[PDB]
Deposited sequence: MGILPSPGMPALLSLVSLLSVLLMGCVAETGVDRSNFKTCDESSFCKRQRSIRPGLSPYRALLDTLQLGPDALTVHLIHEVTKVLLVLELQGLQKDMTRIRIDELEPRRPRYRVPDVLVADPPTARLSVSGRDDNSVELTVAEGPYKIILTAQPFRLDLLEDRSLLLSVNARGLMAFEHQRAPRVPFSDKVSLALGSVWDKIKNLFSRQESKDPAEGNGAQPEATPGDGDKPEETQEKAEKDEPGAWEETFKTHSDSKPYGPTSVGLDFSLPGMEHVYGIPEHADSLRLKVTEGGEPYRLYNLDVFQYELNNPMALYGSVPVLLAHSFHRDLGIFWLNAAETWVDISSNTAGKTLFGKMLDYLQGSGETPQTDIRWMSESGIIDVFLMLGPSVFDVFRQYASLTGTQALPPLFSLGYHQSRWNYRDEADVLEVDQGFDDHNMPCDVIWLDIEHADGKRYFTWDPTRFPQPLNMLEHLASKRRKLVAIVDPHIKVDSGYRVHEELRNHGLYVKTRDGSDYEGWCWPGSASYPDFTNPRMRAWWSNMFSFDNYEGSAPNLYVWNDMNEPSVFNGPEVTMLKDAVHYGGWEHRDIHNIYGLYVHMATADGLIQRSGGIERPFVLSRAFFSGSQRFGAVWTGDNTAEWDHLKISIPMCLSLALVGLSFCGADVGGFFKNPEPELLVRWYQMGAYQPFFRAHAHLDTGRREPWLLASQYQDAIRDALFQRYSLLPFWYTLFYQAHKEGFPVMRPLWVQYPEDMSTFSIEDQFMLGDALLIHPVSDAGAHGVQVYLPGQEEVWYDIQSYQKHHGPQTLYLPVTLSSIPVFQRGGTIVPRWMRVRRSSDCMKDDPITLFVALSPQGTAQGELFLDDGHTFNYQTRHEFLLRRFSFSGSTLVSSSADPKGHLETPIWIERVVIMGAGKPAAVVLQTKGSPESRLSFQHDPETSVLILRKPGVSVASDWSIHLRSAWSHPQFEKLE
């Protein structure tokens, strides 16, 4: 990357102003005479001691142990930006009470305890407590800064050749937070950086500004394509979260100091609007944040399969050759992707008239293999009087505008292009209607969508994005809205895929740019990575930092986007991607073709093995995503989420968990002969799912590997459902029987869940047509019961096999299910591995049943 195109904090004039304010006595003070305790909030005036500017603090306790702090000007010349459409609801409030008061202090109790907020008047300060434990302090280092709107690089400012007219002058806001007891913080994606965030004191702050960084590099805090202003703090004793609800350019400083971490947020405009999520457990934080910005959209089953992509597949014949290549080489695949060369000169919603002349027939041939297709649709519209999309958007005034009232024009893939104003609800509705089968001619129900370049990328723009003084719906500047522009694209696209179906089909949309709330609209990926071993390694901490902030449907380009991976790296990347949520191979225009059958047989076989393991685990992946959708719990997890008291896990990022059942340590080094796998948990056992060898935790096990090894361990006490009949795509598999893998705890117990529905509609929600089963093992009995009785489903899926790890040989196996005579099952048992296989239970998955080992 050429770093000179992108501002450092010093080159960002508001970052330079804010960051020059160093820790010290704050000039802000609360006028306790103005304090009012309102019906859902507390309001009190703040004043700058020197400027005498008057601010208003709106302090709120919220249900589910959360506090919200909002600060705005008392009498602004013009209203400041407050972020819309990100919060899924008005957060339910909890009542504040004054429980203490002196000359310089007011203590507030939230509802009836145990949470208390101490407002200090001079200097202005907030402390948050659970009883007498101090959880968090606000403005403890005096870094609060609120530039008031003055009379219309502090004003006019230039970077390279681009001039920001800056008609409103300095308006930046900033605020600090002190986390006593915390030494590990996480989150604020997206950065090609480690899971555990580094202190910024001697360098750049972490930057949050959706930007298109060409050939981005590793281990640095430059802003990448998406921004989620959510920071998580973990210690042995508690978990906390900070949600800084601002859409403008934001810099984040992190400092360490009895152990304590301080966090400072610095944003260019808008109000101060921050949520304090008090835990105490990390799953409490997940729930708290989920109640604010929603949960992960339930992906249609096919989108959890394998995606085959590149820039670019040539033509319909090429797409069909790729399709047939998967079947001829016995490799599963659900979706083939069409990048920008499938359209007419990068006019989106069109098809190249020579190379894609009959898209319906291409889509019909894919439907006959029960596979899907994804087409790219970017949000920049070619300036072209013959382009109907451009004419309609121009005629209806739905483009982003410059200050002089003309439509903004930049440069992108089709050359000169304009940018629809997706902050305008009328534009988003137009966009969604454009995906109807009549408007998007050539599309069909098995065609889904990829939104790229939606930061927005502008090739001739400052930092390769839109001018700060472009103008959006309701007069707001682009500097106000920048970081939710991509989310609005992702949202309008996803709604369009729903509406074109009459509200029945679940969408699938991959998006490059994102914000808080993007989890509600589909998937994201880490952009243009590189075919190198270190880029393979960094996919884990990048997707883990996205998982912690609610974006569970994450992945990285398998094989790397830039450059050509050596076959061994490609094999290891398939094994890595096979255990990450979003699983797509993608490649740059000038790379050699790397469809997985083009390699020598030894590499083909290891890739096929990784693809089979992924397809077998789809019932498990699907259930984890249903839990993500209902509860807000991440699918891919850091080990410290499952072992919060094991401080040796707080920084691990070459290992991760899927739910609570599977621990993954993929090989990520060329020519490796083994890996060091940390198996955590006291009194915890782990099963090598390839050899069935049981290992007790906690230990670091040295595990030898070959080209075909994917180090995966099942936790004792868990039950993992698999489809052992791998077919060519997931649609072919979704009525097939389930095999249950029971990993016995040392106490001889195990538990697990399973979600099932039709695989693609909202019927699970609108008609309660689904199954949520609970499987539980204790004593010597495996029992299937309903984990949600409201769910019923017509399905042929049955239980064809049970594999129990850690069991002795029984004398007899007996199955009982309601409505059937008591049955005896035959079994096989290996005394070396203590693996018990129950043959063909033959019971419907919708039925209660029990199996007893005598």
I have the full deposited sequence and the modelled structure. Can you tell me which residue ranges, counted from 1, have no C-alpha coordinates? 1 to 31, 184 to 244, 350 to 368, 966 to 977
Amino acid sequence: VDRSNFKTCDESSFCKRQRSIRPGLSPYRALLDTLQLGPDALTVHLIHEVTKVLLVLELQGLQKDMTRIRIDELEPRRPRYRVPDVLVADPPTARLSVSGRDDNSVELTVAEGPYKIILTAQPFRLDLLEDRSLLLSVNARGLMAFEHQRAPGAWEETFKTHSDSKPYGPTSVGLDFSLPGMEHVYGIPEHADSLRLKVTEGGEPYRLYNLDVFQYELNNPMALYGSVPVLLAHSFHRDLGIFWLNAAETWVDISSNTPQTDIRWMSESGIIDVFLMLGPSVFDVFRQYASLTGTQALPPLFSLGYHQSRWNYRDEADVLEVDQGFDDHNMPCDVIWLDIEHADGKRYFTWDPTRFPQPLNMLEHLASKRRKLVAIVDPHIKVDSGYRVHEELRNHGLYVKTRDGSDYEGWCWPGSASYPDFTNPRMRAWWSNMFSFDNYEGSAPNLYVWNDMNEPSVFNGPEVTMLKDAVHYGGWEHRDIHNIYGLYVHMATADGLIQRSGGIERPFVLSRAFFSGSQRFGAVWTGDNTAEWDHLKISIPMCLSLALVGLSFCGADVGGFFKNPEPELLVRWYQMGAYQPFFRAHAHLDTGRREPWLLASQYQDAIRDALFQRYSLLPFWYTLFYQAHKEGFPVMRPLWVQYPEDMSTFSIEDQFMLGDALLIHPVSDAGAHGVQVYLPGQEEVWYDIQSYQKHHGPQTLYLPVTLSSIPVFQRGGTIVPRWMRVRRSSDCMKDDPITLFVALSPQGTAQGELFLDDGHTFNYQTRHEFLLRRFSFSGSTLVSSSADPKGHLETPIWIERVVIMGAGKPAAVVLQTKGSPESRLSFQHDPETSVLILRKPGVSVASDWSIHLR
From here on, numbers count along this sequence of modelled residues.
Assert higher mean C-alpha B factor (490 to 498 or 114 to 122, deposited values) equals 114 to 122
Average Cα temperature factor in the PDB entry - higher stretch of 699 to 707, 344 to 352: 699 to 707
Considering only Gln580, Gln296, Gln308, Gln149, which residue's Cα atom bears the greatest B-factor as recorded? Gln149
Would you mind finding, among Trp621, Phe515, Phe755, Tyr603, the residue with the largest C-alpha temperature factor in the entry? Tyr603
When the modelled residues of the chain are sorted by Cα temperature factor, does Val88 land in the lowest, middle or highest third? middle
Sorting the chain's modelled residues by C-alpha B-factor, tell me whether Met647 ends up in the lowest, middle or highest third. highest
Among the chain's modelled residues, which third holds the C-alpha B-factor of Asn330? middle
Record-listed C-alpha B factor of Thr67: chain third: middle
Third of the chain's Cα B-factor distribution that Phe236 belongs to, per the entry: highest
